[PDB]
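# Coordinate analysis (summary)
The chain contents come next:
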Amino acid sequence: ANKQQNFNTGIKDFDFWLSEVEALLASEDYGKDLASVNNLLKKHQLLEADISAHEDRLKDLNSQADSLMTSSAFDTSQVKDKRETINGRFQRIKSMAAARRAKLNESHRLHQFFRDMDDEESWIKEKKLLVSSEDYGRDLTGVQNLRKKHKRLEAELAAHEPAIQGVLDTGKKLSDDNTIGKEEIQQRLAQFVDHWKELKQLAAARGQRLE
Ligand SMILES: [K+]
């Protein structure tokens, strides 16, 4: 083939690839959990490696376009226009790829935060089961032994409160810096506070019943 035909073949292939990547990068799937965000991050790494491997494909197509544009044999305006368009599309793909990377990393941080919150909610739930006891002591000796167990539990809740505040502080930062949607973090933070207040209230009600 001549240089015109080789460029046209290369451009048909490059154009198809650009269309594929444009469609892939328009996905707003940020995942539902840490395992699915991790799969999206692996997928996105491979795509970014594919884009990187095409930046040299683009250099070659650019060199072909520049050689074609020196020709006196045909009107080179279609070559010039194609070169402009493949370059503009490629640069937009690099911008979309960086934006999707930032959102996937944000999503990973958010889902890791949710896992950290789940560990705290499991702690809360274990303690809530302890203070849900409706044994208030058969006698003076029996309530004295329950009152000493309950003061130890209240001291555990007070010593854990900095960890609960740390979850709220982290959640505020993530919410304020969020670009992918705050509906889930808002709901989870509210539900988390409800879980902590419920445990504190149930512990305080039980403590009053042991006096
Ligand atoms: K914990």
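Residues numbered from 1 in each chain as written, not as in the entry; some residues may be left out. Heavy atoms only, no water.

By the method listed in its record, X-ray crystallography, this PDB entry was determined to a resolution of 2.0 Å.

Going by what the PDB entry lists, the protein chain is known as Spectrin alpha chain, brain and is assigned to Gallus gallus. The record deposited in the PDB is entitled "Crystal Structure of Repeats 15 and 16 of Chicken Brain Alpha Spectrin".

So, about the nonpolar core. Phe14, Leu25 and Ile51 are the most contacted members of the largest nonpolar core, which totals 19 residues. Mapped onto this core, the elements with two or more residues apiece are α1 (3-25), α2 (34-69) and α3 (77-131). Per-element tally for this core: the top contributor is α1, with seven residues. Beyond its immediate sequence surroundings of up to four residues, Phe14 is in contact with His54, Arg57, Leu58, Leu61, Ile86 and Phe90. In terms of nonpolar packing, the next biggest core, distinct from the first, is built from 18 residues, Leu110, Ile124, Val167 and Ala203 among them. (Core = buried A, V, L, I, M, F, W, Y, C linked by side-chain atoms within 4.5 Å. Buried < 20%, exposed > 50% of the residue type's maximum accessible area, 1.4 Å probe, protein only. Helix = DSSP H or I, 4+ residues; strand = E, 2+ residues; numbered from the N terminus. Contact = heavy atoms within 4.5 Å.)

A word on the packing of α1 against α3. At a minimum axis distance of 10 Å, the contact between α1 and α3 shows a crossing angle of 25°. Of the possible angle classes, the one that applies to α1 and α3 is roughly parallel. Relative to α3, α1 is oriented so that their crossing is left-handed. On α3, the residues touching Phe7, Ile11, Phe14, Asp15, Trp17, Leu18, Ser19, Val21, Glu22 and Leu25 of α1 are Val79, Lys82, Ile86, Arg89, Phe90, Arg92, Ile93, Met96, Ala97 and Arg100. A class-by-class count of the residues in the contact of α1 with α3 yields 13 nonpolar, one polar and six charged. (Axes fitted to C-alpha atoms, helices over the stretch in contact; angles between N-to-C directions. Parallel < 35°, antiparallel > 145°, perpendicular 65-115°, else oblique. Left-handed = near helix turned anticlockwise from the far one by under 90°. Nonpolar A, V, L, I, M, F, W, Y, C, P; charged D, E, K, R; others polar.)

Turning to the domain arrangement of the protein chain, a few remarks are in order. Here the domain parsing of the protein chain yields domain 1 (1-108) and domain 2 (109-211). Put simply, the middle of domain 1 and the middle of domain 2, counted by C-alpha atoms, are 50 Å apart. Tallying the contact residues gives eleven residues for domain 1 and nine residues for domain 2. Between domain 1 and domain 2 the total buried area reaches about 820 Å² when both faces are included, carbon and sulfur atoms providing 51% of it. At the junction of domain 1 and domain 2, the tally comes to zero salt bridges. (Domains from an automatic or database assignment. Buried area = accessible area lost by both parts, 1.4 Å probe. Salt bridge = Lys/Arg side-chain N within 4 Å of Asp/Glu carboxyl O.)

Moving on to the packing of aromatic side chains. Enumeration according to the criterion identifies five aromatic pairs in this entry. On the basis of an interplanar angle of 50° and a centroid distance of 6.3 Å, the ring pair of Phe113 and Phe114 is categorised as tilted. Taken individually, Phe113 and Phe114 each receive the classification buried, so the pair is uniform in this respect. Grouping aromatic residues by their ring pairs yields a cluster made of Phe14, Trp17 and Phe90. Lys127 extends its terminal NZ or CZ atom over the ring of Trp123, reaching a point 5.3 Å from the ring centre. (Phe/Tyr/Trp six-rings, centres within 6.5 Å; stacked < 30°, edge-to-face > 60°. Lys NZ or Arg CZ within 6 Å of the ring centre and 35° of its normal.)

Throughout the structure, instances matching the rule amount to 13 salt bridges. Where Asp15 meets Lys82, a salt bridge forms, and the shortest distance between an N and an O atom there is 2.7 Å. Remark: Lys82 occurs in helix α3 and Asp15 occurs in helix α1; sequence separation between them is 67 residues. Here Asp15 falls in the buried class, since its relative accessible area comes to 15%. For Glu55, the salt bridge goes to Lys94, with nearest N and O atoms at 3.0 Å. With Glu55 in helix α2 and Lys94 in helix α3, this pair connects stretches of sequence that are 39 residues apart.

So, on to the packing of helix α4 (residues 140-176) against helix α5 (residues 183-209). Across the interface, α4 lies against α5 with an axial gap of 10 Å and an inter-helix angle of 165°. The angle between α4 and α5 falls in the class roughly antiparallel. As α4 packs across α5, the resulting crossing turns out to be left-handed. Split into classes, the residues belonging to the contact of α4 with α5 amount to 15 nonpolar, five polar and four charged.

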